[PDB]
Amino acid sequence: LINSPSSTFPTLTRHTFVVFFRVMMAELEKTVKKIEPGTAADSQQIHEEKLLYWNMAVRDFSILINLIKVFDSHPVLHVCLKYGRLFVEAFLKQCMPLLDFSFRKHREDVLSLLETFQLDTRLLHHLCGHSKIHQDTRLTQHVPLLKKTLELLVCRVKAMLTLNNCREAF
């Protein structure tokens with residue numbers, strides 16, 4: 001966007017950014033779904049490296065999703081609406097058990113990871129807003145399960161704090 005009105009990794013024109021964006025978000029979502037949550041018997045080092053692996057995927061997800069605002073079009077919005085909910089569901093299925101194990105020991109890592117994820121959850125709530133406001137049917141049909149995945153995330157944070165005996169702390 002800044003240099004070429006064609007990049008520093010060519011075959012990256014405004015045409016080809018759709019294809020680059022789609023594969024990057026798909027392969028981030030595929031990287032995150034390969035991560036497994038451990039057991040209490042597993043060492044604290046493997047928990048810490050898994051939490052670093054997770055936070056890396058969530059910051060990559062935020063850096064990719066923040067390219068919604070500057071590239072609002074048909075296929076770019078369809079890509080991140082889809083891989084939005086499909087990365088958040090990957091974050092719910094295979095992180096949240098590891099955060100429930102390692103919360104009373106590694107508390108601020110867990111809360112930081114969830115509140116890192118909430119700052120892009122809010123970008124997807126604004127994106128759900130955008131897909132409804134411009135009554136764009138192609139955008140509005142990935143909304144019900146994008147919103148429902150983020151509502152599962154608020155109630156699953158409540159479940160995390162219930163299971164770690166801070167139930168009034170949500």
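Points to keep in mind about this one:
- Any chance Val70 is part of a helix (DSSP H, G or I) and either of a type in the set (A, V, I, L, M) or touching a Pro at 6+ places or on another chain (Cβ under 9 Å) (or both): no
- Any hit, the range 68-78, residues being of a type in the set (D, E, K, R) and surrounded by 14 or more Cβ atoms within 10 Å (Cβ to Cβ): no
- Residue selected from the range 120-134 under the condition within 11 Å of the chain's Cα centre (by Cα) and surrounded by 13 or more Cβ atoms within 10 Å (Cβ to Cβ), by the criterion nearest to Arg156 (Cα to Cα): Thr121
- Qualifying residue in the range 157-167 (condition: outside any helix (DSSP H, G or I) and on the phi > 0 side of the Ramachandran plot): yes
- Looking only at residues in the range 1-45 that are part of a loop (DSSP other than H, G, I, E, B) and surrounded by 14 or more Cβ atoms within 10 Å (Cβ to Cβ), the one that is nearest to the chain's Cα centre (by Cα) is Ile35.
- Filter result (assigned to a helix (DSSP H, G or I) and surrounded by 14 or more Cβ atoms within 10 Å (Cβ to Cβ)) within the range 141-156: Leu145, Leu146, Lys147, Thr149, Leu150, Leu152, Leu153, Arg156
- Within the range 79-106, the residues that satisfy the criterion of being buried (at least 18 other Cβ atoms within 10 Å of the Cβ) and among the aliphatic types (A, V, I, L, M) are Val79, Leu81, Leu86, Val88, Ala90, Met96, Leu98, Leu99.
- So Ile65, is it closer than 23 Å to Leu152 by Cα, part of a loop (DSSP other than H, G, I, E, B) and within 15 Å of the chain's Cα centre (by Cα): no
- Being part of a helix (DSSP H, G or I), within 23 Å of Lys33 (Cβ to Cβ) and of a type in the set (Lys, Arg) holds for only one residue in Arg138, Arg85, and it is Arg85.
Reconstructed Cβ throughout: ideal geometry from the backbone, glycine too, with neighbour counts over all protein chains shown. Every read-out reported here was derived from the displayed coordinates using simple, explicitly stated rules and does not represent laboratory data.
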